Structure formats: structure tokens, C-alpha cells
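First up is the structure itself, then whatever we jot down about it.
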Amino acid sequence: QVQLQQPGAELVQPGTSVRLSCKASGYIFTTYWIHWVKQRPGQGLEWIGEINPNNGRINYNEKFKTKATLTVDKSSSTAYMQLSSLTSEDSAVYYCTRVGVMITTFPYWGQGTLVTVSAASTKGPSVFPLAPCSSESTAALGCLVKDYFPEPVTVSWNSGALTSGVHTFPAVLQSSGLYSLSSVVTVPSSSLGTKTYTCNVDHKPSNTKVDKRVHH
Amino acid sequence: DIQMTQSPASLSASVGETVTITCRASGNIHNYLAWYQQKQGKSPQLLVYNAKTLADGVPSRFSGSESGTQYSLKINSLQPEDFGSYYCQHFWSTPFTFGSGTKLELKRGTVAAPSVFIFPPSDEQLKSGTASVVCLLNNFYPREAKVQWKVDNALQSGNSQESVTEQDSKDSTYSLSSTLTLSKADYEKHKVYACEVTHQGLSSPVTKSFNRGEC
């Protein structure tokens with residue numbers, strides 16, 4: 001099976017350089033050009049450049065000529081991309097791809113490395129209840145998961161037992177460089193007097209686990 | 001340099017419908033044009049190449065066509081698995097550019113008004129010197145909604161952020177959170193905190209509010 005293996009993520013500081021790897025298997029490495037593609041969160045694909053692993057010939061997109069540097073290691077069938085002088089504009093998923101038997105195609109893609117460029121230090125979230133002051137058939141409750149770094153956190157409700165009507169929103173990066181997210185759940189108004197609601201918030205990087213009871 | 005101009009940026013369609021996605025090359029790229037599909041949080045996958053050849057495994061409801069510098073991806077009888085993003089890419093000269101993308105979302109048969117809820121800042125957060133106020137718009141369709149924060153009936157700006165979920169696979173709705181963030185001192189200047197919501201499912205805008213100190 002043709003496979004291109006890439007690390008899931010790289011957390012790195014602005015102003016430094018980072019080396020992304022793409023380990024190929026299941027075919028003759030030197031037969032097919034390897035390309036790299038950038039995709040910023042929620043935006044489009046951008047073509048970085050291509051390298052011929054057989055001879056090291058490389059064509060860059062002019063936009064990336066100083067930012068990206070392509071190499072391969074023939075002996076370990078691995079393609080590398082170094083990104084230099086990192087800034088927040090470089091935070092993105094970076095894919096490696098391999099051309100097909102028709103050279104004008106990308107049939108094979110790595111799963112991509114998520115590179116996040118930040119000067120922020122690890123920090124666990126504060127968890128605050130969300131409950132209206134409040135008639136209606138549906139009540140909402142939630143937790144505000146604020147001021148943490150880095151991504152991600154996992155939020156569950158009642159230890160996983162409550163999944164219906166749960167919405168956990170995408171985190172937003174505040175100007176402080178910390179993340180903030182809400183997780184909410186809607187439930188029948190009638191349950192408010194009989195059932196308890198607790199959000200379970202887990203943040204591995206800080207080794208933080210918070211369970212917060214939300215009183216309607 | 002050859003650039004690909006893709007359109008439309010967004011498409012809403014129901015299962016069983018047909019759509020057309022278009023890309024114009026800014027110069028002759030011959031037949032060197034590929035199409036890719038990408039699902040949320042997955043890598044893109046090849047759909048079509050040489051402008052009109054289906055990749056292995058791609059169902060025949062997909063077709064690619066070429067007319068000079070105009071290229072089209074057509075999908076007949078859309079199925080649930082077809083929703084997501086689509087990109088064209090040329091491979092003629094360096095750089096091998098992608099179109100800007102098309103997001104294909106599901107058109108729910110009927111409009112669904114948001115259920116709206118407002119959440120005051122907690123006593124605990126207030127201790128720390130900040131007040132986050134959260135407005136939730138739950139399970140609405142279509143995606144377009146206007147959320148406006150009003151403080152003592154004055155319109156707010158530049159102090160809130162919105163976040164939205166991925167369209168629900170089951171009911172085709174979205175939910176959205178808008179967070180208003182104020183220092184404790186600013187929070188304590190005013191009494192009435194309200195979020196006003198405009199949406200196609202609401203004959204009149206809906207306003208949910210609380211009074212600081214009420215809860």
C-alpha cells in the first residue's frame with residue numbers, strides 16, 4: 001500500500017525553524033516527485049513546491065522560495081520540508097503528496113502535520129458555568145473553557161453518558177495567545193429538577209482535569 | 001504564472017440534486033487539470049484528472065469537462081457522502097496552483113429558526129476581573145444569522161467573537177456561540193445585557209437579555 005507518513009503536529013516558537021518529515025513506503029521512492037501543500041485552518045490549499053527524489057531537482061512556488069526548503073533522504077525514503085523564520089502566518093496544516101502514474105495528479109496524500117506557531121506557554125483552562133437567569137420546552141446549560149494553551153481540550157458531559165444535543169464549539173484564539181471555547185447542551189426543561197449536569201474538561205498538555213457541576 | 005479562478009465559493013444543495021463547480025485557468029493549461037474533494041479534518045482525495053478522467057473508485061455521478069480554459073466538475077444526484085469542499089488544481093507550469101475552493105453544504109428542506117439563549121458571566125470569573133457573556137443560537141438553518149450585542153440598548157462592536165459548529169449530519173442544522181468579553185469595570189457600567197438575533201426563520205428579530213446582578 002502506497003503510504004506517506006507524517007507527524008500529527010509540531011508546536012513551535014516564532015522566529016525559529018522547523019523540519020517537517022514525510023516517510024514514504026510501498027513503492028520505489030525515487031520514481032515519483034513529492035510535493036508539499038499548505039492549508040491554513042478553514043481555508044484553501046496552497047501549492048508550495050516539488051522535489052524529484054531521484055536527483056534532488058526542486059521547483060518552488062515563488063511565494064515560498066525563502067520560507068520553505070525541500071530535501072530528501074534517499075536511504076530512509078523520507079522527504080523533508082524545513083520552514084524557517086516562523087510567524088503566525090505559518091500556522092497551518094502542511095501536507096506532503098506523491099504524484100501518480102499520471103504525473104499530473106496527487107493520488108496519495110500524507111495526513112498532514114499541524115504546525116502551530118506561538119510564543120505562549122502551557123496553561124490549563126479555567127472552567128466557568130453557563131446557565132441563563134430565566135415557559136419553554138428546552139433549557140440550555142454549558143461550560144465556558146477559557147484561557148488555555150495549547151489545543152486541544154476534550155469536553156464531555158456526565159462522564160460521556162450525555163451526548164445528545166451536546167455542542168462543543170471550535171476554540172477561538174484570543175489576542176492574549178490563549179484559547180477559549182464553550183460547550184453547551186440543550187435538555188428538556190422537565191429534566192431540570194430530576195437530573196444533574198456536569199461538564200468534564202480534560203487538558204492533557206497541562207495534566208488538568210476539571211469536572212464542573214452546572215446549576216440551573 | 002497561471003491562476004485558477006474557482007466558483008462558486010459556496011453551494012447549498014439537497015440530496016438528489018445536481019451541482020456544477022467551475023474553474024477558469026488564466027492561461028492555457030491544456031488538459032492538465034485535477035479535481036479534489038476534502039472532508040472536514042481529512043486529507044484531500046483525488047476525484048478527476050486530465051480534466052475529464054475519473055479516478056479509481058469515483059462514482060459515475062461525478063463528471064469533469066473542459067472547454068478551452070474553462071473546466072467544470074458536475075455531480076448528479078448528490079448523496080450525503082458528497083458534501084464537503086472541492087478544489088481544482090492545474091499542473092501545467094510552476095507554480096501548480098489550486099482554485100480557491102468550493103464548500104458544498106446540505107440544503108435542509110425547511111428553514112429552522114435558532115433557539116436563542118443568553119448566559120451571564122459567573123461569580124467565579126467575575127472575581128478574576130473579567131466578564132464573558134455568551135449567546136447561543138441553537139440548531140438553525142440556513143447558516144446566515146446576525147447576532148448583535150446590545151448593552152443598555154446600545155449596540156456593541158469589536159468586543160465579541162463568534163464560533164460555529166460543523167453542519168449536523170443528521171438534521172442539517174448549525175449552532176453558533178457569540179462571546180462578549182468585557183473587563184469587570186466595563187461590565188459594571190451598565191445594567192441590561194442582550195443579544196438580538198436576525199434569521200430567516202424569525203419573522204421579527206429575537207432578543208434575549210438579563211440584568212447584571214439578576215442571577
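By convention in this document, the chains of the C-alpha cells carry letters A, B, ... by their order, each chain's residues are numbered from 1, and ligands are numbered from 1 in the order they are shown.
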
Practice item. Would you kindly return, as a PyMOL selection string, each protein, DNA or RNA residue with an atom no farther than 12 Å from any atom of residue B:171, considering only C-alpha atoms and excluding same-chain residues fewer than 3 positions away? Key: (chain A and resi 165) or (chain B and resi 80+106-112+139-142+166-168+174-175)

Exercise for review: Pick out the chain B residues within 6 Å of chain A. Count only C-alpha atoms. Give them as a PyMOL selection string.
Suggested key: chain B and resi 43+46+91+95+97+100+118-119+165+215

Point to revise | Atom pair atom CA of residue A:156 / atom CA of residue B:82: separation (Å) | key: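 Computing the Euclidean distance for atom CA of residue A:156 and atom CA of residue B:82 yields 29.3 Å.
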
Practice item. Return as a list in words the full set of residues in stretch 76-207 of chain B whose backbone-based DSSP assignment is helix (DSSP H, G or I). Key: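 These are the residues in question: residues 80, 81, 82, 123, 124, 125, 126, 127, 184, 185, 186 and 187 of chain B.
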
Check your understanding: Would you give me, as a PyMOL selection string, the residues in stretch 2-215 of chain B that DSSP reads as strand (DSSP E)?
Key -> chain B and resi 4-7+10-13+19-25+33-38+45-49+53-54+62-67+70-75+84-90+102-106+115-119+130-140+146-151+154-155+160-164+174-183+192-198+206-211

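Minimum distance to residue A:27 across A:178, A:70, A:4, A:155 (counting only C-alpha atoms) occurs at A:4.
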
Practice item. Using atom CA of residue B:7 and atom CA of residue B:99 as the two end points, give the distance in Å to one decimal. Key: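 Distance reported for this atom pair: 8.5 Å.
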
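Each of A:29, A:52, A:179, A:96 was checked against residue A:147 using only C-alpha atoms; the smallest atom-to-atom distance is that of A:179.
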